[PDB]
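Right, one structure below, let's go through it.
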Amino acid sequence: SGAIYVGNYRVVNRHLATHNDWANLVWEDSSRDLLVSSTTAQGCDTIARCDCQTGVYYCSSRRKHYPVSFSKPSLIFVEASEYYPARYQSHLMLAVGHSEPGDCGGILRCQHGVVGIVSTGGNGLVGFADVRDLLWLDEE
Ligand SMILES: CCNC(=O)c1cccc(NC(=O)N2CCC[C@H](C(N)=O)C2)c1
Ligand SMILES: [Zn+2]
């Protein structure tokens, strides 16, 4: 679990969105595994606007933050799960790191701010849904 709290937005994995998120919906995209809802309180996270390929992510199944090198956002085949059929997910970045299904939502960050959230993983792989192209998260 986990979310990004930037301005009056809450960014979560679409597959973990709550009823309150759907009832306060701003934007969602199944192909990216992202959903954004509106918040009453202002958040403290800031979004990175850069092309970093190194950063640090939070892994809840280890209670640890790990440094990682990650691929550029791209269209990656993701195996079938209880949340989606096997399909191509867009704007996904892969890295070597520990992950389990419940680690989705953990933040990936670089020197410029939040880069994305954990969205997939494998045997020693972790994948992150990028948010750096979502420029509207910085305003309204
Ligand atoms: C080969 C064994 N797999 C793992 O150890 C493992 C390790 C970490 C995660 C996963 N599951 C995973 O990526 N998703 C489940 C939730 C929905 C995600 C999506 N965005 O479509 C995809 C499997
Ligand atoms: Zn950066």
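Order determines the names: the first chain of the structure tokens is A, the second B, and so forth; residues in each chain are numbered 1 upward, and ligands are numbered 1 upward as they are shown.
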Contacts of residue 75 (chain A) at 10 Å (only C-alpha atoms; same-chain gap of 5+ positions) as a list in words: residues 31, 32, 87, 88, 89, 90, 91, 92 and 93 of chain A
Just to be explicit: take each residue in the selection above, keep C-alpha atoms, and write the result as a CSV table (one decimal), in the first residue's frame.
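Now in out.csv:
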chain,number,residue,atom,x,y,z
A,31,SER,CA,-3.0,0.9,-18.8
A,32,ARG,CA,-0.7,2.8,-16.3
A,87,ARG,CA,-1.3,-7.3,-20.6
A,88,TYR,CA,1.0,-4.5,-21.6
A,89,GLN,CA,1.4,-1.8,-18.9
A,90,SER,CA,2.6,1.7,-20.2
A,91,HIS,CA,4.9,4.2,-18.5
A,92,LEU,CA,6.5,1.4,-16.4
A,93,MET,CA,10.2,1.4,-15.3
message: What residues of the protein or nucleic acid chains come within 6 Å of ligand 2 when you use only C-alpha atoms and all ligand atoms? Reply as number ranges by chain.
response: A: 48, 50-52, 110-112
message: Please identify all protein, DNA and RNA residues within 6 Å of ligand 1, counting only C-alpha atoms and all ligand atoms, and report them as a PyMOL selection string.
response: chain A and resi 33+78+81+83-84+99-101+119-123
query: Neighbours of residue 42 (chain A) within 8 Å (only C-alpha atoms; same-chain residues fewer than 6 positions away dropped), as a PyMOL selection string?
result: chain A and resi 5-9
- request: Please return as JSON, numbers by chain: the residues of region 57-102 of chain A that backbone DSSP assigns to strand (DSSP E or B).
  value: {"A": [57, 58, 59, 64, 65, 66, 67, 68, 69, 70, 74, 75, 76, 77, 78, 87, 88, 89, 90, 91, 92, 93, 94, 95, 96]}
query: Of the candidates A:21, A:79, A:138, A:28, which one gets nearest to residue 46 (chain A) if we count only C-alpha atoms?
result: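 Using only C-alpha atoms, residue 46 (chain A) sits closest to A:138.
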message: Excluding residue 22 (chain A) and its own-chain neighbours fewer than 2 positions away, which residues fall within 12 Å of it when counting only C-alpha atoms? Please give them as a list in words.
response: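 Close residues of residue 22 (chain A): residues 10, 11, 12, 14, 15, 16, 17, 18, 19, 20, 24, 25, 26, 27, 28, 35, 36, 37 and 38 of chain A.
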Give me a file of those residues, with N, CA, C and O atoms, as an mmCIF file, in the first residue's frame.
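selection-v3.cif was written with the following content:
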data_model
loop_
_atom_site.group_PDB
_atom_site.id
_atom_site.type_symbol
_atom_site.label_atom_id
_atom_site.label_comp_id
_atom_site.auth_asym_id
_atom_site.auth_seq_id
_atom_site.Cartn_x
_atom_site.Cartn_y
_atom_site.Cartn_z
ATOM 1 N N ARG A 10 -4.197 12.869 -4.239
ATOM 2 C CA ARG A 10 -3.711 11.587 -3.707
ATOM 3 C C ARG A 10 -3.517 10.642 -4.890
ATOM 4 O O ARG A 10 -4.491 10.401 -5.634
ATOM 5 N N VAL A 11 -2.278 10.203 -5.125
ATOM 6 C CA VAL A 11 -1.956 9.312 -6.266
ATOM 7 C C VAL A 11 -1.740 7.922 -5.721
ATOM 8 O O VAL A 11 -0.846 7.711 -4.856
ATOM 9 N N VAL A 12 -2.542 6.955 -6.185
ATOM 10 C CA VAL A 12 -2.460 5.563 -5.722
ATOM 11 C C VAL A 12 -2.450 4.624 -6.888
ATOM 12 O O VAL A 12 -2.727 4.995 -8.057
ATOM 13 N N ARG A 14 -4.119 2.161 -9.228
ATOM 14 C CA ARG A 14 -5.577 2.039 -9.528
ATOM 15 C C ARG A 14 -6.140 0.767 -8.911
ATOM 16 O O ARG A 14 -7.250 0.770 -8.399
ATOM 17 N N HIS A 15 -5.344 -0.322 -8.913
ATOM 18 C CA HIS A 15 -5.870 -1.600 -8.398
ATOM 19 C C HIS A 15 -6.064 -1.609 -6.878
ATOM 20 O O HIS A 15 -6.722 -2.519 -6.375
ATOM 21 N N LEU A 16 -5.536 -0.609 -6.151
ATOM 22 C CA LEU A 16 -5.702 -0.496 -4.695
ATOM 23 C C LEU A 16 -6.589 0.702 -4.294
ATOM 24 O O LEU A 16 -6.758 0.984 -3.123
ATOM 25 N N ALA A 17 -7.217 1.381 -5.298
ATOM 26 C CA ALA A 17 -8.078 2.528 -4.973
ATOM 27 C C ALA A 17 -9.255 2.129 -4.129
ATOM 28 O O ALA A 17 -9.838 1.050 -4.323
ATOM 29 N N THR A 18 -9.588 2.996 -3.172
ATOM 30 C CA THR A 18 -10.734 2.746 -2.281
ATOM 31 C C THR A 18 -12.034 3.308 -2.879
ATOM 32 O O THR A 18 -12.028 4.083 -3.858
ATOM 33 N N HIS A 19 -13.211 3.006 -2.237
ATOM 34 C CA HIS A 19 -14.454 3.618 -2.657
ATOM 35 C C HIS A 19 -14.358 5.134 -2.535
ATOM 36 O O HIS A 19 -14.857 5.843 -3.418
ATOM 37 N N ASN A 20 -13.727 5.665 -1.452
ATOM 38 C CA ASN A 20 -13.643 7.115 -1.317
ATOM 39 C C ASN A 20 -12.804 7.715 -2.475
ATOM 40 O O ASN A 20 -13.133 8.790 -2.953
ATOM 41 N N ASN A 24 -14.260 10.518 -5.319
ATOM 42 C CA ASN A 24 -13.596 11.843 -5.377
ATOM 43 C C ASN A 24 -12.570 11.789 -6.517
ATOM 44 O O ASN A 24 -11.458 12.311 -6.388
ATOM 45 N N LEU A 25 -12.929 11.175 -7.632
ATOM 46 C CA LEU A 25 -11.988 10.904 -8.699
ATOM 47 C C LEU A 25 -11.578 12.114 -9.469
ATOM 48 O O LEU A 25 -12.432 12.931 -9.869
ATOM 49 N N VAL A 26 -10.281 12.237 -9.744
ATOM 50 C CA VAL A 26 -9.756 13.281 -10.631
ATOM 51 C C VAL A 26 -9.392 12.666 -12.000
ATOM 52 O O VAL A 26 -9.763 13.200 -13.058
ATOM 53 N N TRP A 27 -8.667 11.527 -12.002
ATOM 54 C CA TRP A 27 -8.186 10.898 -13.213
ATOM 55 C C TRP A 27 -7.782 9.466 -12.963
ATOM 56 O O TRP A 27 -7.293 9.177 -11.864
ATOM 57 N N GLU A 28 -7.990 8.556 -13.922
ATOM 58 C CA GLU A 28 -7.524 7.184 -13.755
ATOM 59 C C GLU A 28 -7.137 6.629 -15.098
ATOM 60 O O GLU A 28 -7.728 7.007 -16.133
ATOM 61 N N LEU A 35 -4.394 5.957 -10.384
ATOM 62 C CA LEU A 35 -5.636 6.687 -10.104
ATOM 63 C C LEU A 35 -5.278 7.844 -9.199
ATOM 64 O O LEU A 35 -4.469 7.706 -8.260
ATOM 65 N N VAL A 36 -5.918 8.997 -9.443
ATOM 66 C CA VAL A 36 -5.714 10.201 -8.632
ATOM 67 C C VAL A 36 -7.051 10.673 -8.103
ATOM 68 O O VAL A 36 -8.018 10.796 -8.897
ATOM 69 N N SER A 37 -7.145 10.910 -6.800
ATOM 70 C CA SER A 37 -8.343 11.437 -6.162
ATOM 71 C C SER A 37 -8.034 12.759 -5.518
ATOM 72 O O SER A 37 -6.860 13.147 -5.323
ATOM 73 N N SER A 38 -9.093 13.532 -5.186
ATOM 74 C CA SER A 38 -8.900 14.822 -4.542
ATOM 75 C C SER A 38 -8.881 14.721 -3.011
ATOM 76 O O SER A 38 -9.517 13.814 -2.438
#
- request: Excluding residue 65 (chain A) and any residue of its chain fewer than 3 positions from it, enumerate the residues within 12 Å of it, using only C-alpha atoms, and give them as a PyMOL selection string.
  value: chain A and resi 55-62+68+97-99+103+106-109
Those same residues, written as a PDB file, in the first residue's frame with N, CA and C atoms?
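And here's part_9.pdb as it stands now:
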ATOM      1  N   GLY A  55      17.658   6.158  -8.296  1.00  0.00           N
ATOM      2  CA  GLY A  55      16.853   6.723  -7.201  1.00  0.00           C
ATOM      3  C   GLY A  55      16.812   5.757  -6.039  1.00  0.00           C
ATOM      4  N   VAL A  56      15.828   5.945  -5.156  1.00  0.00           N
ATOM      5  CA  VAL A  56      15.671   5.121  -3.978  1.00  0.00           C
ATOM      6  C   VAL A  56      14.199   4.784  -3.829  1.00  0.00           C
ATOM      7  N   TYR A  57      13.858   3.521  -3.539  1.00  0.00           N
ATOM      8  CA  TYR A  57      12.431   3.173  -3.330  1.00  0.00           C
ATOM      9  C   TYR A  57      12.204   2.556  -1.964  1.00  0.00           C
ATOM     10  N   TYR A  58      10.963   2.688  -1.455  1.00  0.00           N
ATOM     11  CA  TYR A  58      10.578   2.037  -0.205  1.00  0.00           C
ATOM     12  C   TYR A  58       9.929   0.672  -0.444  1.00  0.00           C
ATOM     13  N   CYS A  59      10.457  -0.310   0.250  1.00  0.00           N
ATOM     14  CA  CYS A  59      10.017  -1.712   0.194  1.00  0.00           C
ATOM     15  C   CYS A  59       9.378  -2.098   1.538  1.00  0.00           C
ATOM     16  N   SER A  60       8.040  -2.134   1.597  1.00  0.00           N
ATOM     17  CA  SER A  60       7.369  -2.436   2.867  1.00  0.00           C
ATOM     18  C   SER A  60       7.611  -3.867   3.381  1.00  0.00           C
ATOM     19  N   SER A  61       7.851  -4.835   2.450  1.00  0.00           N
ATOM     20  CA  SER A  61       8.140  -6.215   2.849  1.00  0.00           C
ATOM     21  C   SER A  61       9.532  -6.424   3.443  1.00  0.00           C
ATOM     22  N   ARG A  62      10.342  -5.348   3.461  1.00  0.00           N
ATOM     23  CA  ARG A  62      11.636  -5.339   4.142  1.00  0.00           C
ATOM     24  C   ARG A  62      11.777  -4.187   5.140  1.00  0.00           C
ATOM     25  N   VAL A  68      18.343   2.091  -6.381  1.00  0.00           N
ATOM     26  CA  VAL A  68      18.139   1.288  -7.594  1.00  0.00           C
ATOM     27  C   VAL A  68      18.486   2.094  -8.820  1.00  0.00           C
ATOM     28  N   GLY A  97      15.478  -5.411  -7.674  1.00  0.00           N
ATOM     29  CA  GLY A  97      15.194  -5.118  -6.260  1.00  0.00           C
ATOM     30  C   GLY A  97      14.148  -6.060  -5.747  1.00  0.00           C
ATOM     31  N   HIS A  98      14.102  -6.215  -4.401  1.00  0.00           N
ATOM     32  CA  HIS A  98      13.061  -7.052  -3.838  1.00  0.00           C
ATOM     33  C   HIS A  98      11.684  -6.400  -3.887  1.00  0.00           C
ATOM     34  N   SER A  99      10.689  -7.138  -4.237  1.00  0.00           N
ATOM     35  CA  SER A  99       9.311  -6.751  -4.147  1.00  0.00           C
ATOM     36  C   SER A  99       8.383  -7.949  -4.036  1.00  0.00           C
ATOM     37  N   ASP A 103       3.826  -4.584  -1.744  1.00  0.00           N
ATOM     38  CA  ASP A 103       4.760  -3.450  -1.783  1.00  0.00           C
ATOM     39  C   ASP A 103       4.263  -2.369  -2.748  1.00  0.00           C
ATOM     40  N   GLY A 106       4.666   1.932  -2.638  1.00  0.00           N
ATOM     41  CA  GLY A 106       5.883   2.502  -2.100  1.00  0.00           C
ATOM     42  C   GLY A 106       6.487   3.533  -3.059  1.00  0.00           C
ATOM     43  N   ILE A 107       7.004   4.636  -2.512  1.00  0.00           N
ATOM     44  CA  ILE A 107       7.577   5.705  -3.372  1.00  0.00           C
ATOM     45  C   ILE A 107       8.956   5.393  -3.906  1.00  0.00           C
ATOM     46  N   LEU A 108       9.182   5.716  -5.168  1.00  0.00           N
ATOM     47  CA  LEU A 108      10.497   5.832  -5.785  1.00  0.00           C
ATOM     48  C   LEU A 108      10.813   7.338  -5.888  1.00  0.00           C
ATOM     49  N   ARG A 109      11.975   7.760  -5.420  1.00  0.00           N
ATOM     50  CA  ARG A 109      12.346   9.185  -5.446  1.00  0.00           C
ATOM     51  C   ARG A 109      13.779   9.341  -5.918  1.00  0.00           C
TER      52      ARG A 109
END
query: Got a sec to tell me which of chain A DSSP assigns to helix (DSSP H, G or I), as a PyMOL selection string?
result: chain A and resi 14-16+19-23+30-32+101-103+135-138
message: Calculated over only C-alpha atoms, which of the candidates A:129, A:53, A:66, A:113 has the smallest distance to residue 30 (chain A)?
response: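 For residue 30 (chain A), the nearest of the candidates is A:129.
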message: Would you compute the distance between CA of residue 34 (chain A) and CA of residue 130 (chain A)? Give it in Å to one decimal.
response: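 CA of residue 130 (chain A) lies at a distance of 9.3 Å from CA of residue 34 (chain A).
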task: Determine the nearest neighbour of residue 127 (chain A) from the options A:104, A:23, A:3, A:44, counting only C-alpha atoms.
output: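 Among A:104, A:23, A:3, A:44, it is A:104 that comes nearest to residue 127 (chain A).
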query: When you draw a straight line from CA of residue 94 (chain A) to CA of residue 116 (chain A), how long is it in Å?
result: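 Calculated distance between CA of residue 94 (chain A) and CA of residue 116 (chain A) is 11.5 Å.
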- prompt: What does the distance between CA of residue 132 (chain A) and CA of residue 69 (chain A) come to in Å, to one decimal place?
  reply: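 Taking CA of residue 132 (chain A) as the start and CA of residue 69 (chain A) as the end point, the length is 16.4 Å.
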